[PDB]
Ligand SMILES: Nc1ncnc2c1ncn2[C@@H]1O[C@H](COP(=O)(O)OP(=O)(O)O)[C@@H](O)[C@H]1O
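In structure tokens, the next block holds one chain alone, the form solved without the ligand.
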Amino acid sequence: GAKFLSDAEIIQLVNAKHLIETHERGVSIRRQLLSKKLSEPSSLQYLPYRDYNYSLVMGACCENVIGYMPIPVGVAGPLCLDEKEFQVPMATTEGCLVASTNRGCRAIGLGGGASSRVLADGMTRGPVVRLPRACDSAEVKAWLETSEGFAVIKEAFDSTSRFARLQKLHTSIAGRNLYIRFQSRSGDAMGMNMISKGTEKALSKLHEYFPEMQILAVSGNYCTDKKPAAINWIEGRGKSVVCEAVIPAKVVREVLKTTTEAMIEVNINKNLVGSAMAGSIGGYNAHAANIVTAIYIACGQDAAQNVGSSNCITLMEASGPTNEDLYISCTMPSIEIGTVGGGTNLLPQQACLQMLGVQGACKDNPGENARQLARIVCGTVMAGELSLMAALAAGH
């Protein structure tokens, strides 16, 4: 069929208001079609496309594909975290970011490593529904807060998927609007599609108890996904994580080129007081977003979720016998992450997840790989904070 025709002939068919056997050739024909629309048709020539595995992308990750975009990958490590060592991949185009993070890892190792805990775990979706009156929506809130009501909604939610196990609901009324925050774990997936599916069946079960309920939108911005929101900061979303380390005064002096006292002064007055004066919600850190974004791109995460995933408070205190050692912690309540699905289905992204030993599903304990990646992100963010803050204090 299509293999017998030439390139010029197939394009003659597309323009004349009228499939291909190989994926790479389809990408080439789309480049040639697109070339005819651009003022500089030669602009595509250094946008690569050859010898990429497009089979895992089509009908899954991207449409109208004209190639790919190489992002340089560097390694910050070893990062000593919970008695293990990690070579952390970081996809960035910002010079010195990997080298800065790498120095932070070095300081943590010489202080006996970092320790981390996951505090909560559950992806969310926050639909908006409407009832005729605010009194009716008040009735639905009261019903959802009974043990009986939650149990039928939990049963509906949990019937849609293996890992769909519903946790406590959170709700808000705004007049006759009702926002309902469904939270659940999702194995090792980030869990978006899984929770929306459970939400749809849970909402249709709610509709049987309340036939006059309109489902306005499956997302009413109460999740909250990919926008800044105090609800992710206060309630969490995905993995809530804490990480810490104590850096000996010697190691702060020799590696970090500053003092424990000077680090505390900059952290308080930049990360707390400065972020406060700027009107920040959840942005009490130096540059967590650099690290999160770099790891996310390299590891097949949804990079748009750095909006909320970068939420972080970095604290720095005096520590030890002479009060000269630096205690550091980062607390990140809303790390949105996964080791299956999305961009983690592609081979290059999996290579970076394999480096960290978290690629794919953890079969013995569903969800444990994604949990480990969240811990790795929090630890690497703390390395980034340690290093950049030291540079800022030393005052270059």
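Residues carry their position along the shown sequence, with the first being 1.
One more form of this protein, deposited with the ligand bound, exists but is not displayed; see below.
Contact between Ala189 and the ligand in the bound PDB entry is found at the 4.5 Å heavy atom cutoff. Proximity of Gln214 to the ligand in the bound PDB entry: non-hydrogen atoms within 4.5 Å are absent; the residue sits far from the partner. Using a 4.5 angstroms limit between non-hydrogen atoms, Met194 touches the ligand in the bound PDB entry. At the 4.5 Å threshold, heavy atoms of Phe163 reach the ligand in the bound PDB entry. Between the options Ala361, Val27, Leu356, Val57, the residue in contact with the ligand in the bound PDB entry by a heavy atom within 4.5 angstroms is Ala361. Listed stretches are 43 to 51, 346 to 354, 333 to 341, 66 to 74; the contact stretch with the ligand in the bound PDB entry is 333 to 341, by a heavy atom cutoff of 4.5 Å. Scanning 67 to 89 for heavy atoms within 4.5 Å of the ligand in the bound PDB entry gives no residues at all.
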